[PDB]
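1. here's my sequence, what's the structure:
(4 chains)
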Amino acid sequence: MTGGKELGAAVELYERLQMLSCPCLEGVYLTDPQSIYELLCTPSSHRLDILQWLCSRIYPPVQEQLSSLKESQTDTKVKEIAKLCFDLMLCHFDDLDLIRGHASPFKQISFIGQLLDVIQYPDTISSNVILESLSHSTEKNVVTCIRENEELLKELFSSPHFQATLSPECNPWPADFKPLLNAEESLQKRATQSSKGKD
Amino acid sequence: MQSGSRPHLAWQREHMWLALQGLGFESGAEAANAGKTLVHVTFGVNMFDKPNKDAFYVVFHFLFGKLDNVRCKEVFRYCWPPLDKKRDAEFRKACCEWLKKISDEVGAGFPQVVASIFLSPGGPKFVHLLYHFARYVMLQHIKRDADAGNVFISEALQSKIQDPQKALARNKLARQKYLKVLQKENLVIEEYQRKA
Amino acid sequence: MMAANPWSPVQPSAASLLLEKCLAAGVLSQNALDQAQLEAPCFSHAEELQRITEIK
Amino acid sequence: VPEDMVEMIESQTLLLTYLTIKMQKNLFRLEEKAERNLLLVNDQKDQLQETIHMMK
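-> Numbers count the residues shown, from 1 in each chain, chains lettered A, B, ... in the order given. Find the structure here:
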């Protein structure tokens, strides 16, 4: 029973996909969160088309490699996608169940969510520029990313607060509450058992 | 013909320093651990441009410590801190033996470890060796700290990507993941304070 | 230098101060941070106990 | 793309990923400690509330 949270996350993802004019969703208008969930997190030829599309958007050379494979070779397609996703650090190279849609709904949602994060990656500043030339060489984009990343890292590591973010500490309680907070393992069990739903 | 100083080693010096900091390297705390005062030891991006013996002691002990703290205390027990000529020779011998083992274990991706590199710790060959050592220590940390389900991340990072487009995409994802956790941290602390 | 109102019940976290610094240096855009917003609920069990106490 | 550029990006990716995993692990430990502390205090509140009601 797909809990209310998974259905909401699926809807969000579905919206993001719509915003990215995914061709696989053309003529498909689902208003029912369960239908959206079944579309994105249950094994179907459509799901695989969506993932193929997401991956072609992230890494375009993969499209030529996948289009050459006949429909009777669906297992080989799934293995190629898993290999890309492994190279992107999203899943293990043998996690074929995740790609087929048999993995836990959360895991699927998180997985598709991450793919979408990469596609919607705010391309910084300069990009007012519209139509022009397709042709720009892969080499200029890499140089820019490196540069930007270098600036971020430099800033992150130059900051006095940087070390504190790696080991966050927060104690908001006054002295008079300390005895309550250090109190015996037995009070802790009583407090945690009281939260179980039937109440 | 005549043999042009490969631009290749400048960025490795910077990222090495970032890696030490990321692992928790504190110049004041680590220098004190080696019995040296900060007025006489230069730490930074350029610390090994000139042979720097003092920094060599501190950084290597730190990285070994971060790699295996138990083994680090055992291997250097009788030679840390290097205060006399006899202890110094033992420390260098020990560092070289330990790194040679790492180099044999990791194979073709780790630089060859020769004893001569430790006689005068400094220069491009030395920095190149230290960078790969720091990188190794980070990857071990990611493997240890990564939950049973993310252990694949350490394997993926070890598999050299030769396609620039794939490397860019992977980096974008990593950047985003970091920003998210940073934001989450802020939220959890804020909410905790309010409720309390 | 947004002088942290000493009387705000919520003291700024190291994460917040770091994010602010990154935004001031133009290395990060608010749009980039917004797109990264995780609505993950924090302390769900404590909230449920509060509701039960009110009904009682 | 000079074999040297791809190596730099990979080094950046390694740094960010390391920071991320390190932060996430330490944040989860805080969240758990926090929620426990809130529940303990909330329970004290609930006992006091019941006693006041009975007296009234």
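
2. make it CA atoms for all contacts and neighbour counts henceforth
-> Noted.

3. and chain A, which residues reach chain D?
-> A:139, A:142-143, A:146, A:149-150, A:165-170, A:180-181, A:187-188, A:191-192 (Cα under 8 Å from any Cα of the partner chain).

4. show me where chain D has helices.
-> D:3-55 (DSSP state H).

5. and the spatially most central residue of chain B, what does it touch?
-> Closest to where the C-alpha atoms of chain B average out (Cα atoms, centre = their mean) is residue B:134, at 2.1 Å. Taking Cα atoms under 8 Å, 6 or more residues apart in numbering or on different chains, we find residue B:134 in contact with B:16, B:19, B:20, B:63.

6. surely the second one touches residue D:15?
-> Spelled out, that is residue B:19. Yes. Residue B:19 is in contact with residue D:15 according to Cα atoms under 8 Å; the separation is 6.7 Å.

7. how far away is residue B:36 from residue B:28?
-> Residue B:36 is 9 Å from residue B:28, where distance means Cα to Cα, to the nearest Å.

8. and these two? which has more neighbours close in?
-> A direct count of neighbours by other Cα atoms under 10 Å in any protein chain shown for residue B:36 and residue B:28 places residue B:36 higher, at 16 against 12.

9. Three-state assignment for the more buried one, please.
-> Classification of residue B:36 using DSSP: H, G, I helix; E, B strand; the rest coil returns coil.

10. do the one 10 residues further on as well
-> Classification of residue B:46 into helix, strand or coil gives coil, according to three-state DSSP.

11. which positions in chain D make contact with chain B?
-> So chain D meets chain B at D:1, D:3-6, D:8-25, D:27, D:31, D:34, D:38 (Cα under 8 Å from any Cα).

12. for the residue nearest the centre of chain A, what are phi and psi?
-> Geometric centre of chain A, nearest residue: residue A:114, 1.6 Å, by Cα atoms, centre = their mean. Note on residue A:114: backbone dihedrals following degrees, to the nearest 10 are phi -70, psi -40.

13. for chain B, see how far away it is.
-> For residue A:114, the distance to chain B (Cα to the nearest Cα, to the nearest Å) stands at 8 Å.

14. before we move on, what about residue A:10?
-> Going from residue A:10 to chain B by Cα to the nearest Cα gives 19 Å.

15. who's in contact with that residue?
-> With contact taken as Cα under 8 Å, 6+ apart, residue A:10 is in contact with A:33, A:36, A:37, A:40, A:109.

16. what about the second one, which helix or strand?
-> Secondary structure here is read from DSSP states H and E; on that basis residue A:36 sits in helix A:33-41.

17. give me the secondary structure label for residue C:1.
-> Strictly by three-state DSSP, residue C:1 counts as coil.

18. secondary structure element for the residue nearest to the centre of chain B?
-> Secondary structure from DSSP H and E places residue B:134 in helix B:124-145.

19. continuing past that helix, what's the next helix or strand?
-> Next along the chain after helix B:124-145, taking DSSP H and E as the criterion, comes helix B:151-158.

20. briefly note if stretch B:13-33 comes near chain D.
-> Yes. Stretch B:13-33 comes into contact with chain D (Cα under 8 Å from any Cα), by way of B:15, B:18, B:19, B:22.

21. tell me how far that stretch lies from the chain's centre.
-> 8 Å (Cα atoms, centre = their mean, to the nearest Å).

22. in it, what's buried?
-> The neighbour-count check on stretch B:13-33 (16 or more other Cα atoms under 10 Å in any protein chain shown) flags B:13, B:15-20, B:22-23, B:25, B:27, B:30-31 as buried.

23. need the contact partners of that stretch.
-> Here stretch B:13-33 has contacts from A:157, A:163, B:37-38, B:41, B:43-46, B:58, B:62-63, B:66, B:127-128, B:130-131, B:134-135, B:138, D:11-12, D:15, D:19, using Cα under 8 Å, 6+ apart.

24. buried only: go through these for me.
-> A:157, A:163, B:43, B:45, B:58, B:62-63, B:66, B:127-128, B:130-131, B:134-135, B:138, D:11-12, D:15, D:19.

25. residues near residue 48, how many?
-> Here I'm looking at chain A. Residue A:48 - counted by other Cα under 10 Å - has 19 other residues nearby.

26. wait, chain C
-> Neighbourhood size, residue C:48 [other Cα under 10 Å]: 14.

27. and for residue D:17?
-> Neighbour count of residue D:17, defined by other Cα under 10 Å: 26.

28. verify the stated contact: it with residue B:174.
-> Yes. Counting by Cα under 8 Å, residue D:17 touches residue B:174, with 5.7 Å between them.

29. for chain A, which segments count as helices?
-> Assignment of helices within chain A using DSSP H yields the ranges A:4-19, A:33-41, A:45-58, A:62-67, A:74-87, A:96-100, A:105-119, A:139-158, A:162-166, A:178-181, A:185-193.

30. let's have those in TSV, adding distance to residue C:30.
-> Shown next, in TSV, are the helices of chain A (distance: least, Cα to Cα, whole Å):
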stretch	distance to residue C:30
helix A:4-19	19
helix A:33-41	30
helix A:45-58	23
helix A:62-67	32
helix A:74-87	28
helix A:96-100	33
helix A:105-119	16
helix A:139-158	14
helix A:162-166	19
helix A:178-181	38
helix A:185-193	39
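
31. those: which one's closest to residue C:51?
-> Nearest to residue C:51 among the helices of chain A is helix A:185-193 (14.8 Å), distances taken as Cα to Cα.

32. interface residues of chain D facing chain C?
-> Within chain D, the positions lying close to chain C (Cα under 8 Å from any Cα) are D:31, D:34, D:35, D:38, D:39, D:42, D:46.

33. from those, pick the one nearest residue B:113.
-> Set against residue B:113, the nearest of these by Cα to Cα is residue D:31 (44.3 Å).

34. does residue A:11 touch residue A:36 like I think?
-> Yes. Counting by Cα under 8 Å, residue A:11 touches residue A:36, with 6.3 Å between them.

35. sort out for me which of the residues of stretch B:13-33 next to chain D are in helices.
-> Judged by DSSP H, helices contain the following of the residues of stretch B:13-33 next to chain D: B:15, B:18, B:19, B:22.

36. name the nearest of those residues relative to chain C.
-> residue B:22 (15.0 Å; Cα to the nearest Cα).

37. closest residue of chain B to chain A?
-> With Cα to the nearest Cα as the measure, residue B:170 is the residue of chain B nearest to chain A, at 4.6 Å.

38. which ones are touching residue D:23?
-> With the criterion set at Cα under 8 Å, 6+ apart, residue D:23 makes contact with A:165, A:166, A:167, A:168, B:181, B:182.

39. got the residues of chain B near chain C?
-> Neighbours of chain C within chain B, by Cα under 8 Å from any Cα: B:176, B:179-180, B:182-186, B:188-191, B:193-194.

40. next one: chain A
-> Residues of chain A lying close to chain C by Cα under 8 Å from any Cα are A:121-122, A:124, A:148, A:151-152, A:155-156, A:159, A:161-162, A:164-165, A:168, A:194-195, A:199.

41. let me know the outermost residue of chain A.
-> Extreme point of chain A relative to centroid (Cα atoms, centre = their mean) is residue A:176; 43.8 Å.

42. tell me how far that residue lies from residue D:41.
-> 12 Å.

43. which residues does residue B:181 contact?
-> Applying Cα under 8 Å, 6+ apart to residue B:181 gives the contacts D:20, D:23, D:24.
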